Amino acid sequence: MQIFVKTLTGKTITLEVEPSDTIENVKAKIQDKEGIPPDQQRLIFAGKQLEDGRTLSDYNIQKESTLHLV
Ligand SMILES: [Zn+2]
Ligand SMILES: [Zn+2]
């Protein structure tokens with residue numbers, strides 16, 4: 001599935017991911033795109049703070065969803 005991640009600058013990155021992907025996995029993908037270290041990445045989805053060991057599906061993250069780096 002496809003999701004979007006908004007960096008702190010409003011930049012939009014596109015990610016190809018799976019429902020069982022962990023935030024840590026996503027976090028790894030963001031690092032590759034922008035060079036942003038995972039430990040400095042904080043992801044939020046629909047007002048929910050996302051934990052590294054949980055999956056996208058665990059947060060009801062669906063196709064075309066948008067995540068925010070904070
Ligand atoms: Zn897909
Ligand atoms: Zn994956």
Side-chain angles (χ1 to χ4, degrees):
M1 59 184 247
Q2 184 174 306
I3 67 169
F4 305 91
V5 177
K6 298 179 75 184
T7 65
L8 291 182
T9 58
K11 182 181 176 181
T12 182
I13 316 178
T14 312
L15 254 42
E16 169 60 29
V17 294
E18 292 197 28
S20 74
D21 269 318
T22 57
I23 297 307
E24 177 172 47
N25 287 353
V26 169
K27 227 186 179 68
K29 291 177 181 288
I30 294 173
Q31 180 175 314
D32 288 340
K33 288 269 185 178
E34 300 298 312
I36 302 172
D39 41 9
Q40 294 317 129
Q41 289 183 41
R42 273 187 82 199
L43 288 169
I44 48 142
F45 174 63
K48 301 178 300 188
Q49 185 179 299
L50 314 186
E51 297 175 356
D52 304 70
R54 288 277 57 86
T55 68
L56 301 187
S57 169
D58 288 336
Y59 296 105
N60 203 17
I61 294 173
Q62 296 182 284
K63 282 167 57 59
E64 278 302 308
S65 294
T66 295
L67 312 189
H68 302 85
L69 273 174
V70 294

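Here, residue 1 is the first one in the sequence, and each next residue gets the next number. Only this structure's heavy atoms are used, side chains among them; waters, hydrogens and symmetry mates stay out. Each ligand, and each atom within it, is numbered from 1 in the order the structure gives.
Within the protein, the N, O or S atoms lying under 2.8 Å from the Zn ion (ligand 1) are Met1 N, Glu16 OE2.
Residue pairs satisfying the side-chain hydrogen bond (donor to acceptor under 3.5 Å, both in side chains) criterion with at least one member in residues 42-54, sequence neighbours excluded, are listed as follows: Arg42-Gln49, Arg54-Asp58.
Judged by distance alone, with hydrogens and angles left aside, the side-chain atoms of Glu16 form a donor-acceptor pair with the main-chain N or O of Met1 at under 3.5 Å. Proximity of a side-chain donor or acceptor of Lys33 to a complementary backbone N or O of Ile13 within less than 3.5 Å is not detected. No donor-acceptor pair under 3.5 Å is formed between the side chain of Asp32 and the backbone N or O of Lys29.
Two residues are said to be in side-chain contact when any heavy atoms from C-beta on lie closer than 4.5 Å; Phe45 and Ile3 fail this criterion.
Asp21 has its closest N, O or S atom to the Zn ion (ligand 2) at the position named OD1.
Using modelled atom types, one finds a donor on one side chain and an acceptor on the other under 3.5 Å when comparing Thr7 with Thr9.
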